[PDB]
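If you count the sequence shown from 1, you need to add 4 to reach the deposited numbering.
Virtual Cβ for every residue (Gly too), placed ideally from N, Cα, C.
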Amino acid sequence: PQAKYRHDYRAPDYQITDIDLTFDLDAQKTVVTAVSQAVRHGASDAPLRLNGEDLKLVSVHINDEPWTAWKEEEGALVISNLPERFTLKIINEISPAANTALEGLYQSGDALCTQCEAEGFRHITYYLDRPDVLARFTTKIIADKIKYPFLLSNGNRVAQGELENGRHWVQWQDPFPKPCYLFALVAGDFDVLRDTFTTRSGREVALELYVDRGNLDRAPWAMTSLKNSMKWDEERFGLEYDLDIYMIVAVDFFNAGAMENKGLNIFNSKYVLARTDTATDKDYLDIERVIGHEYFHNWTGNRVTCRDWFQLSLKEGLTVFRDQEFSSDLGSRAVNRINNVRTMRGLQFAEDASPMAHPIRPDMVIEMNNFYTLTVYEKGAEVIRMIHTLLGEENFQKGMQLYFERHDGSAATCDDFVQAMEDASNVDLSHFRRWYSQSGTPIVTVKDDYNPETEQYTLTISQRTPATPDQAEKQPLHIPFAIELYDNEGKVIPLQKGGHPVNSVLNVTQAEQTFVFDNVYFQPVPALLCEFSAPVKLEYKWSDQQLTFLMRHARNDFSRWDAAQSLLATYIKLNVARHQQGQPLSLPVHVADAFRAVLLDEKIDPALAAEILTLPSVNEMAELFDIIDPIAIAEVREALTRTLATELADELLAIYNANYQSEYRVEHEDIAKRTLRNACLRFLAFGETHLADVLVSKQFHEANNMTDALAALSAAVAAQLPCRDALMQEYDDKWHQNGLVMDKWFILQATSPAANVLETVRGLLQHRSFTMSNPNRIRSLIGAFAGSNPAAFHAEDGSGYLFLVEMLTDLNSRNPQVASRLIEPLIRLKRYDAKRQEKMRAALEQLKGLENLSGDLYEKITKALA
Ligand SMILES: CC(C)C[C@H](NC(=O)[C@@H](O)[C@H](N)Cc1ccccc1)C(=O)O
Ligand code: NA
Ligand code: NA
Ligand code: NA
Ligand code: NA
Ligand code: NA
Ligand SMILES: [Zn+2]
């Protein structure tokens, strides 16, 4: 399989302006007829090269003439000797029922549905399957009326008929030109929740959610969130929906979470269905997120699309930034920012050090599905956020307005988006463009000095980005670096220099620079890189007392949480070294005290309290070390939890009882209290065992909602409490017919600290609720084991590696995209010790030898073995 390179982009030799599709639908054998109006832009001898994969070609006509001047090659139909404008007609056959990879047209339970992003439409018919080719689609669907009473495609329903033999048909027309990745089709039998939203200028939009029969009672939250998304995008970005109908269909078999197909989003049912006894606060808020996100693509991705797939972040980074703003405006911004920072530092940084490292705009791709990444998404968004930080909201919105004004109806690049922001704002972003083209995490080192003679504070800030596997050359970035200076009472000290105020977002543009501040009337405690103002690693020599001070006094809630993380980091590192020498945990008392103080601050927002009392995950802890010892990290996290539980026992139980809530509400104050209560529970679970067991079984049995019940179950598993087995059995007894709810149970099993966890995981491949044919199940058991039980996955005997190789040997042929998600923990081998490396290298070499090795895995494996 061949790499493609961004620098090789060229305008296509042919365009298609309109396509009329006919599906004669059948699970075994669907016949597709595609009539496309085309225009040659290139030279008369440049043939039309159409992409196609696993298609059975039946005929080819040009202006109704059977065409003889063509040939099929690997992945393509190449057609010669064409006129400048012509109608192309292709008839071909495909087989949805055989599509296990879930790309193109496939079967989800009894339904048929599509997934076309990125290059899945070529699995449906021969086409210019590239997103710079935009066309007006009309879609006629013909099918068995009893099996497929609902037949859906993009746009408006314009025609319909009955036929003999129990068949019917419907035709759809989508008036907005689109790249084919935005094509969708769905056929099946559903319950439909119907509502409307009226836009600020008065357009009434029919809203339709299609769910499996019986699930209508789990749909209203998603409907509500769609309405909230549409409203917010009007209030914040001034953007209105542009069609008269908005459809979402929830399907159980889907590789990703959701898809923004124009006017017909297709969603993994995981991010639609909720009821208070099946879904947690977190599920409610994820559903909010994803509904929002796909909706926001309607403009940032659909009305303006991507010129080529290397520009993916233009839509994903920007649309992530939007879904974060949405969540943040509606919920707690601090909690949003916090969790988003956890993800950047604990997962994205890891990827940006891995063999798969890439800039947010990749320069080289073998399999484009491997680039739907933390980097393109999460770091993409941080890059957009830095633009926001440099421009301020008002110029940023001007920038958005120019972007649309210029590019509505077309396919754009990252550089276009940057240029619009620069032209509207008058802020120069030529240096800043470097963030699109350079991989890896910059490291920013800060040194300070206070001069009591001059009342000056001097910061010397330096930056470097270490080389990455993909890039030997690195250069300085334009880093927005926000600071605040605190005096000894915790008040902010005005930043100024030579009589004049100074913006507190510093422009760190060089390898090294000095900034001098005047009238600093006391030696300051600095808050640095406030709000995570740039996606960088900060190197500064805090004292513990600076950090506890910031925990008490910092103006932004983010800086308080962040300071607590810097406090813990030190002692996490200490205790990992200790663990490797067989020593128990050591923690100075004033650390426990900072946490006690948080527990008892009556004025702190319980949302914030709760995040501070949520210890860094093992993945966040991993990023503190050059070489990861996953066992020591895990055991230290446990011991820290044990220590704090013991030291803060009375306080924890007090706060636990005080945040009791009789009523269950999906409301931000209630969620916050409850998130704090269950954080308290989690520590208590690791205290005195009799009390722990009582508390946890009691919460599980008395919970009136899944959030409280799952937090108990999860604590029973984590702390291996006596009630554990009985509670897990009850959950299975009650919930086994429900895959989505079971996924929770599988994750708990897979991430158990128990000694025989691997053995249990293997057994669960045969569980009544598991199947290898559903990505959700695969991800919830196997993926959670490899990615989220690093202590077991990295067992010194290598049994974790072998187990994954077995699973990937199946998935490489069944569903390579899920395979490629799942291989990721293996391609991190260079972060681990030599002996684990040798075993992971051997596993990868075994996979490299598979017959019919997929491209998706080949790309990752060769990079990892290089
Ligand atoms: C909240 C979102 C970040 C959820 C996310 N979905 C998306 O980004 C959709 O906008 C994507 N356009 C769907 C997608 C994902 C992977 C490969 C091809 C297509 C997902 O993981 O499904
Ligand atoms: Na076109
Ligand atoms: Na899009
Ligand atoms: Na808010
Ligand atoms: Na100093
Ligand atoms: Na920190
Ligand atoms: Zn997206």
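- Out of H297, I20, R766, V509, the CA that lies nearest to the CA of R89 is found in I20.
- Its Cα nearest to that of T417, the residue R437 stands out among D453, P634, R437.
- According to the DSSP secondary-structure assignment, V39 is paired through a beta bridge with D24, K93.
- Bridge pairing for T464: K451, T518 [DSSP].
- Within 7 Å of the C-beta of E123 there is not a single heavy atom belonging to ligand 3.
- Counting only unbroken stretches of 4 or more residues, the alpha helix (DSSP H) elements lying wholly within the stretch 316 to 400 are 316 to 334, 337 to 347, 353 to 356, in sequence order.
- When secondary structure is reduced to three states using DSSP, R686 falls in the helix class.
- Rounded to whole angstroms, the Cβ separation of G79 and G108 is 14 Å, and the two are not in contact under 8 Å.
- Shown here for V387: same chain residues with a beta carbon closer than 8 Å to its own, the five before and five after excluded, namely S317, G321, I364, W439, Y440, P539 in chain order.
- In the structure shown, the three-state DSSP call for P610 is helix.
- In chain order, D367, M368 place their CB closer than 7 Å to the CB of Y9, counting only its own chain and leaving out the 5 sequence neighbours on each side.
- Separation of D630 and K577 (C-alpha to C-alpha, rounded to the nearest whole angstrom) is 11 Å.
- For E477, the secondary structure class from DSSP, reduced to helix, strand or coil, is coil.
- Remark: the shortest separation between the CB of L334 and any heavy atom of ligand 4 falls under 7 Å.
- Scanning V509, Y668, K383, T469 for the CA closest to the CA of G350 turns up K383.
- With a threshold of 16 other beta carbon atoms within 10 Å, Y250 meets it and is buried.
- Per DSSP, the unbroken beta strand (DSSP E) holding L211 starts and ends at 208 to 215.
- Collapsing the DSSP output to three states places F201 in a strand.
- Closer than 7 Å to some heavy atom of ligand 7: that does not describe the Cβ of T377.
- At a Cβ-Cβ threshold of 8 Å, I751 and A788 count as neighbours.
- In this chain, the beta strand (DSSP E) harbouring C117 covers 115 to 119.
- The three-state reading of DSSP puts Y836 in coil, since its state is none of H, G, I, E or B.
- Set against 7 Å, the gap from the CB of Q569 to the closest heavy atom of ligand 6 is smaller.
- CA-CA distance, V670 to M625, rounds to 31 Å.
- Within the same chain, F690 come within 7 Å of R646 by CB-CB distance, once the 5 residues on both sides are set aside.
- Excluding sequence positions up to five before and after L61, its CB lies within less than 6 Å of the CB of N96, all in the same chain and listed in chain order.
- Take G192, set aside five residues on each side of it, and the residues of its chain with a beta-carbon closer than 7 Å to its own are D114, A115, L116, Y152, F154, in chain order.
- Put simply, the stretch 518 to 526 touches the stretch 461 to 481. At least three CB pairs are less than 8 Å apart.
- With a cutoff of 7 Å, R161 does not count as near ligand 4, since its C-beta is closer than that to no heavy atom of the ligand.
- Under the Cβ criterion (8 Å, minimum of three pairs), the stretch 526 to 543 counts as touching the stretch 446 to 458.
- For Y862, the enclosing alpha helix (DSSP H) covers residues 859 to 869.
- Under the rule that a run must span 3 or more residues, no beta strand (DSSP E) segment is found entirely inside the stretch 770 to 817.
- Cα atoms of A823 and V721: separation of roughly 28 Å, rounded to the nearest angstrom.
- Inter-residue distance for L591 and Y575 is about 7 Å (C-alpha atoms, whole angstroms).
- Selection around ligand 7 by beta-carbon proximity, strictly under 6 Å to any non-hydrogen atom, yields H297, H301, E320, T323 in chain order.
- Put simply, the backbone Cα of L106 is about 13 Å away from that of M776.
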